[PDB]
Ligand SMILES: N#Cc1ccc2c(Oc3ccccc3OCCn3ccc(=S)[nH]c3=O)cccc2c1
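Quick heads-up: it's one chain on its own, the form deposited without the named molecule, in structure tokens.
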């Protein structure tokens, strides 16, 4: 059990010291329990008596409410942790089955008492000092210090990795054909070796770990067909997770809306397209623990649709680097998209959603790429090579997009699909001013301290207008006034502003937004057959501007 692997020199957060937390008198029976427990941990070198100089201390409680066989006695190193030097956790995430190759013989070995096998920095140990409170009668108590990695300590699962990985390298360099996917105390191994010849190889790896001190019992995955690795059930040719087990009716509390919402996300992996924006918005306002939200109807159907996607069973197929990955995208939410990363037609690999406004004035054109990019990097991570895309937009639409947008953008190898509520840019500010339309010189203003201000405009035929407003600002008016012009005008119009802000927002071609005004400005733009927007400096007096300025002011 005790491991010969060298140790990691752990320290404490710079400029501190050990934990010196008080140790409450414990219940008589509690003492007795902890005694027997620590007495065993002592034989197991896990811990060893300390001398009367260790001012360090961590509390121990009694609670043996867990499983009847190796039922534990507990310590709280939260404070130790709070001082336990920071570590670089070393990881890019949890391995997903979509990145597993299709092998012949698979095996998933595990490791009991992991943290209880790797020796802790001998030099550091003087900080795991737990005093098992002695009975009232006996004045001096019983001291112990951990020698291995105490569970609950921050760097325990780290230092373990760094250690378990090492024990693995020497076995790996000696036979690069056997895959060994490691995660804490779950060792997954498989290779093209015959089911027999394969175990004749497990034997070797199963020895290596024990030589270093790693127990690998039969509490491991025995049946070849089922391999319950990382929540996933690895089958001869599919990966699943039967336990989709949703919070039935308990959606009675906002807290359960949390669990509900989040439960969907995970499900989304194998489970085809599922949105949550409706539910997700119900959580927005909450800050009360244990209360409920009067579920917005929008979510009742969404929950109804989604659930129908939760019942039906499905599966993700393994990935083979020969045949390549395609990333298909779909939109069905007011700004929500789905993506299917797959090799062959019907057989899905990993499936994911996307839902967000990476700003304020986004649009279905932006929210496309912003999904794509969200998928390449995510695929780069699970397979190594960028995937081909199938975007629900047309080729021309993209042509026009990037050819106009001054901001650089792109997308790698993308095909042309046509099975969705097709994405496309709504309006188009004409490159040239419409000859034979009103040149509505617009404007607005707002006194900093008034909290109010007037919007308005003048036209090529002297026609003036104005509208005072309250609760709005300088920036809000010039954009607001733009509205009046777009309104009071037909299908053709030339709108002259002196606000760089307005012009910018309007050029990007926003589909929607969180805002009401800016969106309404969009709405009109979506009807008007010809729109022109031109900027002119504000305080120099150019064109109908000098006048409009005098008006709205």
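Positions refer to the first chain, counted from 1.
Quick note: we don't show the form deposited with the named molecule bound, though the next part is all about it.
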Quiz item: Given the named molecule superposed in from its position in the deposited complex using nearby C-alphas, should this pocket be scored open or blocked (3 or more ligand atoms within 2.4 Å of backbone or C-beta)?
Solution: blocked
Quiz item: Are 10, 14 and 127 jointly within 4.5 Å of the named molecule in the deposited complex, each by at least one heavy atom?
Solution: no
Quiz item: Is there a non-hydrogen atom of residue 225 within 4.5 angstroms of a non-hydrogen atom of the named molecule in the deposited complex?
Solution: yes
Quiz item: Taking heavy atoms and a 4.5 Å cut-off, does residue 354 contact the named molecule in the deposited complex?
Solution: no
Quiz item: If you check in the deposited complex, is residue 103 within 4.5 Å of the named molecule, heavy atoms only?
Solution: yes
Quiz item: Is there a heavy atom of residue 440 no more than 4.5 Å from a heavy atom of the named molecule in the deposited complex?
Solution: no
Quiz item: Which listed residue (411, 303, 293, 179) meets the criterion of a heavy atom within 4.5 Å of the named molecule in the deposited complex?
Solution: 179
Exercise. Work out which of 282, 371, 458, 234 lies within 4.5 Å of the named molecule in the deposited complex, going by heavy atoms.
Key: 234
Exercise. For the heavy atom contacts within 4.5 Å of the named molecule in the deposited complex, list the residues of 315 to 352 involved, in sequence order.
Key: 318
